[PDB]
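> Please see the structure below; I have some questions.
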Number of protein chains: 4
Amino acid sequence: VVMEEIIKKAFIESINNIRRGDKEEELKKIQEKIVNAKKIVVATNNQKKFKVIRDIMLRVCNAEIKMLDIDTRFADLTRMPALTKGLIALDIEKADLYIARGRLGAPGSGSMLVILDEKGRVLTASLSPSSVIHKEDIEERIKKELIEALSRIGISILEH
Amino acid sequence: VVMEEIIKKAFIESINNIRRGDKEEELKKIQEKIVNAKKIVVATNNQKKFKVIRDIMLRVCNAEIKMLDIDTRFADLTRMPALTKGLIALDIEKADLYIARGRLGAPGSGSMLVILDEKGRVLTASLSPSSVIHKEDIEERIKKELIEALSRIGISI
Amino acid sequence: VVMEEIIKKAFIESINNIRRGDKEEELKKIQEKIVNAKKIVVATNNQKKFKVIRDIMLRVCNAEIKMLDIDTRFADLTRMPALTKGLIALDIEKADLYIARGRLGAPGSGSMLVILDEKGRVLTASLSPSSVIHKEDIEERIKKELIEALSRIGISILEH
Amino acid sequence: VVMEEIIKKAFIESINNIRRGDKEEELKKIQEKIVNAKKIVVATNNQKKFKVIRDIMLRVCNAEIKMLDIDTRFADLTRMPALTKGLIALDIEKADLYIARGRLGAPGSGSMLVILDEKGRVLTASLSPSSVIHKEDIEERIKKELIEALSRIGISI
Ligand SMILES: Cc1cc(OP(=O)(O)OC[C@H]2O[C@@H](n3cnc4c(=O)[nH]c(N)nc43)[C@H](O)[C@@H]2O)c(C)c(=O)[nH]1
Ligand SMILES: Cc1cc(OP(=O)(O)OC[C@H]2O[C@@H](n3cnc4c(=O)[nH]c(N)nc43)[C@H](O)[C@@H]2O)c(C)c(=O)[nH]1
Ligand SMILES: Cc1cc(OP(=O)(O)OC[C@H]2O[C@@H](n3cnc4c(=O)[nH]c(N)nc43)[C@H](O)[C@@H]2O)c(C)c(=O)[nH]1
Ligand SMILES: Cc1cc(OP(=O)(O)OC[C@H]2O[C@@H](n3cnc4c(=O)[nH]c(N)nc43)[C@H](O)[C@@H]2O)c(C)c(=O)[nH]1
Ligand SMILES: Nc1nc2c(ncn2[C@@H]2O[C@H](COP(=O)(O)OP(=O)(O)O)[C@@H](O)[C@H]2O)c(=O)[nH]1
Ligand SMILES: [Mg+2]
Ligand SMILES: [Mg+2]
């Protein structure tokens, strides 16, 4: 069943006041979109943030993965920089998923990593404190944010 | 030093390719906005949700804390329901801080708890998976979400 | 050539600070999207708005055109209700274009008619005052809105 | 009565499915916020957009009026740049009214002039076609946009 249909049903539940959380069928659909993706676009500058994310994604899918270099001055004055980044990618490349990483909200708010589908829907995301608290190397943070973003919707990065 | 000024300095750092992450002064300003709020709106009309959140906030600040008048479940038809719940609150009550908890994104995407300031800025947030994964009490979950949203910007219970 | 590439060119003009207005290639692409649509969804439950819109759109394209079948009234709790409606249609139906009409922003701000494509981009739009001021039948207002929305991006609705 | 309270009444009409169009009381409130503004910010660092808009607003109010120190061109890669510009002004400046002018949506979609209040709500707005269609100077178009935005909410010169 198409994604549009599963979503119309969750919306009807809410109108009729009987919506009692996320459903199994919904999680399954999000899993499918991710593992069967054919094209993925990652929004970063920097050839080594790209490498951490590409090596993790090749473990869950058989997709072509392309970097896209976003002049970030055009995202970091918006209300929600990471989310802005993914949508910039959405407008200028055809793909099945878009992954981006940046400031969550107002300055001092820390990090967000987010995954969008081909219509801009937020499928999953992950968060980190300001580096002034967690004090980890940016590469190591990206790894953890990705692994948790995949696992909270049911995709394990371990051997099957 | 007022919030407008701190954000201007951060914005001009980004214009000049000098921004190297969140600064000390930015964390301290957020911390202050939260511990010094005189009025907090919880963007909900479910009494269970309201109660866990009111009781926790009462340990970090000294504010009047009220729930909303109308059902925020109608936010569940937008792209980012939790976010929408905050902005609904902001439209219909004056307050220094708005707290809202709902679905993150599309159906299946789990939870988001977010804290907004009086102009709708996003100060901090935390996320959980769908409950069919974590299998916890909703009151337990809200409790862990709020504690993490505070500790990540440097407030400890 | 594809919409992603045309938008990329425009984004690279802004980055390089030589973006001195919309380009003819941009207008042509938007016209083409509208003229060649096969499926259109009108994000309304009002049979009177639907009819003005369907009778006008049939003059410029040869598409299947339908309305939305869940309640749209809850859009009126959000910041930009006409927009929200278009995005609710996007999320629950497959189509090449979405057309919505509602309140512009805050209570008292009048009406917006808006047109989105399959990825949620805003292609064109038009406004009316509150009817406390303009005082006209709704059908007449819908008609004028749609006509201006189409012609400001270069689609003539007249004889020929 | 305050804006929050007028907005809550309208939201309750929608929930009970009795809302129609705009109310008289709502128009008067918006009129009153604009005519009595003490501080207006024009969301731009371009002097030419600033003068046209400053000159028109002085025909309807007695506000102090300012522009910004930073360029708002950095909004032009978002989905709705004119909106984004207004929100960038709201984040770095306290005012009663914010006025912004930019692209409506996607490239080729024309222009939008938009007015926000102190919490970011959209009060009124005006659109033009791309200039390759209308062919007029930018100072003339901005002048037309602003005059229509005020008259559509009932403020005339
Ligand atoms: C993950 C998710 C949250 C959500 O919004 P909420 O207002 O937080 O939750 C609506 C209902 O969904 C169920 N639920 C949400 N979170 C939880 C949870 O963490 N543990 C349990 N047991 N149940 C939950 C409860 O019945 C809630 O009352 C909605 C509407 C959704 O579709 N998915
Ligand atoms: C939290 C935050 C993130 C952010 O955007 P990003 O693209 O993720 O980071 C831009 C720079 O900000 C710093 N930074 C962000 N997160 C981290 C991190 O987790 N560890 C380290 N060492 N540094 C980081 C790095 O120097 C990056 O090169 C920006 C732009 C911001 O203001 N705050
Ligand atoms: C319609 C449109 C507007 C727009 O942003 P703006 O800040 O309003 O204008 C950017 C440049 O686009 C040109 N422009 C915009 N509106 C006009 C106009 O009404 N008349 C003329 N002659 N030119 C205009 C000017 O060169 C502006 O400096 C952008 C960035 C865009 O891509 N399209
Ligand atoms: C200006 C405005 C519009 C609006 O939403 P809409 O879907 O555009 O219109 C809602 C109802 O308000 C009335 N109405 C709206 N626009 C018009 C109009 O232009 N002429 C007339 N006669 N009536 C109108 C009709 O009863 C509509 O069905 C809402 C919900 C609002 O609060 N304000
Ligand atoms: N009797 C009556 N019903 C109305 C009027 N305006 C709207 N309605 C009802 O409300 C429905 C929704 O219309 P509207 O909210 O404009 O549609 P939307 O564009 O889907 O939001 C209509 O189809 C009518 O049944 C009116 O003036 N009189
Ligand atoms: Mg309606
Ligand atoms: Mg003919």
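Heads up, the Cβs are rebuilt from the backbone with ideal geometry, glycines too, and the neighbour counts pull from every protein chain shown. All of this is worked out from the model, or read from it or from the source named; these are not laboratory values.
> Would you mind finding the one in A:64, A:32, A:93 that is touching a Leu at 6+ places or on another chain (Cβ under 7 Å) and farther than 30 Å from residue B:28 by Cβ?
Numbers: A:64 fails: touching a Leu at 6+ places or on another chain (Cβ under 7 Å); A:32 fails: touching a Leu at 6+ places or on another chain (Cβ under 7 Å).
Going through A:64, A:32, A:93 in turn, just one is touching a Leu at 6+ places or on another chain (Cβ under 7 Å) and farther than 30 Å from residue B:28 by Cβ: A:93.
> Of all residues being within 11 Å of ligand 5 (Cβ to nearest atom) and polar (S, T, N, Q) in the stretch C:56-113, which is farthest from the chain's Cα centre (by Cα)? Just the residue, please.
C:72
> Still on this structure, please answer the following. Restricting the search to the stretch A:106-134, which residues are near ligand 2 (Cβ under 7 Å from one of its atoms) and touching a residue at least 24 places away in the same chain (Cβ under 8 Å)?
Scanning the stretch A:106-134 gives a single hit, A:111.
> A further question on this structure: Could you tell me which of the residues D:106, D:100, D:125, D:75 is within 16 Å of ligand 4 (Cβ to nearest atom) and under 30 Å from residue C:9 (Cβ atoms)? Explain how you work it out, then say what you get.
Working: D:106 fails: within 16 Å of ligand 4 (Cβ to nearest atom); D:100 fails: within 16 Å of ligand 4 (Cβ to nearest atom); D:75 fails: within 16 Å of ligand 4 (Cβ to nearest atom).
It is D:125.
> If you go through the stretch A:7-27 one residue at a time, how many are under 18 Å from residue B:80 (Cβ atoms), over 17 Å from the mean Cα position of the chain (by Cα) and in contact (Cβ under 8 Å) with a residue 12 or more places away in the chain?
1
> A further question on this structure: Can we say residue D:27 is in a helix (DSSP H, G or I) and more than 20 Å from residue D:143 (Cβ to Cβ)?
Working: in a helix (DSSP H, G or I): yes; more than 20 Å from residue D:143 (Cβ to Cβ): yes.
Yes.
> If you don't mind, there's one more thing I want to ask. Of these, D:55, D:76, D:91, D:69, which one is at the interface with another protein chain (Cβ under 9 Å from one of its Cβ atoms), acidic (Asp, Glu) and over 21 Å from residue C:19 (Cα atoms)?
Working: D:55 fails: at the interface with another protein chain (Cβ under 9 Å from one of its Cβ atoms); D:76 fails: over 21 Å from residue C:19 (Cα atoms); D:69 fails: over 21 Å from residue C:19 (Cα atoms).
Within the list D:55, D:76, D:91, D:69, the selection yields D:91.
> Going by what's in this entry, would residue A:151 be described as surrounded by fewer than 22 Cβ atoms within 10 Å (Cβ to Cβ) and in contact with a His (Cβ under 9 Å, 6 or more places away or on another chain)?
When the stated conditions are applied, residue A:151 does not pass them.
> Another question, if that's okay. Right, residue C:73: surrounded by fewer than 20 Cβ atoms within 10 Å (Cβ to Cβ), of a type in the set (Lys, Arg) and under 21 Å from residue C:156 (Cα atoms) or not? Steps first, answer last, please.
Working: surrounded by fewer than 20 Cβ atoms within 10 Å (Cβ to Cβ): yes; of a type in the set (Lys, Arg): yes; under 21 Å from residue C:156 (Cα atoms): no.
No, not satisfied.
> Of D:139, D:118, which residue is surrounded by fewer than 19 Cβ atoms within 10 Å (Cβ to Cβ), in contact (Cβ under 8 Å) with a residue 24 or more places away in the chain, within 9 Å of another protein chain (Cβ to nearest Cβ) and of a type outside the set (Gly, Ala, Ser)?
Numbers: D:139 fails: within 9 Å of another protein chain (Cβ to nearest Cβ).
The match here is D:118.
> For residue C:140, state whether it is surrounded by fewer than 23 Cβ atoms within 10 Å (Cβ to Cβ), acidic (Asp, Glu) and either assigned by CATH to the domain that holds residue C:28 or over 12 Å from the mean Cα position of the chain (by Cα) (or both). So that I can check it myself, show each step before the final result.
Numbers: surrounded by fewer than 23 Cβ atoms within 10 Å (Cβ to Cβ): yes; acidic (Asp, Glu): yes; either assigned by CATH to the domain that holds residue C:28 or over 12 Å from the mean Cα position of the chain (by Cα) (or both): yes.
Here the answer is yes, as residue C:140 does meet what is asked.
> Can you tell me which residues in the stretch B:10-24 are of a type in the set (A, V, I, L, M) and either assigned to a helix (DSSP H, G or I) or assigned by CATH to the domain that holds residue B:147 (or both)? Don't jump to the end; show me each part of the working.
Taking the stretch B:10-24 as the starting set, the residues that turn out to be of a type in the set (A, V, I, L, M) are B:10, B:12, B:15, B:18.
Correct list: B:10, B:12, B:15.
> So which residues in the stretch B:99-111 are surrounded by 24 or more Cβ atoms within 10 Å (Cβ to Cβ) and more than 8 Å from every other protein chain (Cβ to nearest Cβ), if there are any at all?
B:99, B:100, B:101, B:111
> Of the residues B:24, B:5, B:32, which single one is surrounded by fewer than 15 Cβ atoms within 10 Å (Cβ to Cβ) and within 10 Å of chain A (Cβ to nearest Cβ)? Full working, then the answer.
Working: B:5 fails: within 10 Å of chain A (Cβ to nearest Cβ); B:32 fails: within 10 Å of chain A (Cβ to nearest Cβ).
Being surrounded by fewer than 15 Cβ atoms within 10 Å (Cβ to Cβ) and within 10 Å of chain A (Cβ to nearest Cβ) holds for just one of B:24, B:5, B:32, which is B:24.
> In the set C:65, C:30, C:53, which member is farther than 18 Å from residue D:14 by Cα, touching a residue at least 12 places away in the same chain (Cβ under 8 Å), within 16 Å of ligand 3 (Cβ to nearest atom) and surrounded by 18 or more Cβ atoms within 10 Å (Cβ to Cβ)?
On the way: C:65 fails: within 16 Å of ligand 3 (Cβ to nearest atom); C:53 fails: within 16 Å of ligand 3 (Cβ to nearest atom).
On inspection, the qualifying residue turns out to be C:30.
> Select from the stretch D:4-61 the residues that are of a type in the set (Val, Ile, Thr) and within 16 Å of ligand 4 (Cβ to nearest atom) and list them in ascending order. Walk me through it before giving the result.
At the first step, the residues of the stretch D:4-61 found to be of a type in the set (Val, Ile, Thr) are D:6-7, D:12, D:15, D:18, D:30, D:34-35, D:40-42, D:44, D:52-53, D:56, D:60.
Those that are of a type in the set (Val, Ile, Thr) and within 16 Å of ligand 4 (Cβ to nearest atom): D:6, D:7, D:12, D:15, D:18, D:30.
> Follow-up. Could you look through the stretch A:128-142, keep only residues that are in contact with a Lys or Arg (Cβ under 7 Å, 6 or more places away or on another chain) and not in a helix (DSSP H, G or I), and pick out the one that is farthest from the other protein chains (Cβ to nearest Cβ)?
Only one residue fits best here, namely A:128.
> Oh, and also: In the stretch A:79-88, which residue that is within 14 Å of chain B (Cβ to nearest Cβ) and not polar (S, T, N, Q) is nearest to residue A:142 (Cα to Cα)?
Start the filter on the stretch A:79-88 by keeping residues that are within 14 Å of chain B (Cβ to nearest Cβ), which leaves A:79-87.
Retained after the next criterion (residues that are not polar (S, T, N, Q)): A:79-83, A:85-87.
Details: A:79: 21, A:80: 18, A:81: 16, A:82: 13, A:83: 16, A:85: 16, A:86: 16, A:87: 19 Å.
My answer is A:82.
> Give me the pairs: first residue in the stretch C:143-160 and assigned to a loop (DSSP other than H, G, I, E, B), second residue surrounded by fewer than 16 Cβ atoms within 10 Å (Cβ to Cβ), beta-carbon distance under 8 Å, and six or more apart or on different chains, which are they?
Correct list of pairs: C:154/C:28; C:155/C:35; C:155/C:60; C:157/C:59; C:157/C:60.
> So residue B:128 fits all but one of (1) within 15 Å of ligand 1 (Cβ to nearest atom); (2) closer than 21 Å to residue B:69 by Cα; what number is the exception?
Of the numbered conditions (1) within 15 Å of ligand 1 (Cβ to nearest atom); (2) closer than 21 Å to residue B:69 by Cα, the odd one out for residue B:128 is (2).
> Just to check your reading of the model, which residue among A:76, A:69, A:91 is among the acidic types (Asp, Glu), farther than 22 Å from residue B:116 by Cβ and at the interface with another protein chain (Cβ under 7 Å from one of its Cβ atoms)? Write out each step before concluding.
Details: A:76 fails: farther than 22 Å from residue B:116 by Cβ; A:69 fails: at the interface with another protein chain (Cβ under 7 Å from one of its Cβ atoms).
After ruling out the rest, the residue left standing is A:91.
> Here's another thing I want to ask about it. Just checking, how many residues over the stretch D:35-56 are assigned to a helix (DSSP H, G or I) and surrounded by fewer than 12 Cβ atoms within 10 Å (Cβ to Cβ)? I'd like the intermediate steps shown before the answer.
Step one: filter the stretch D:35-56 for residues assigned to a helix (DSSP H, G or I), giving D:35, D:47-56.
After this cut, where a residue has to be surrounded by fewer than 12 Cβ atoms within 10 Å (Cβ to Cβ) as well, the list is D:47.
Going through the stretch D:35-56 one residue at a time, the tally reaches 1.
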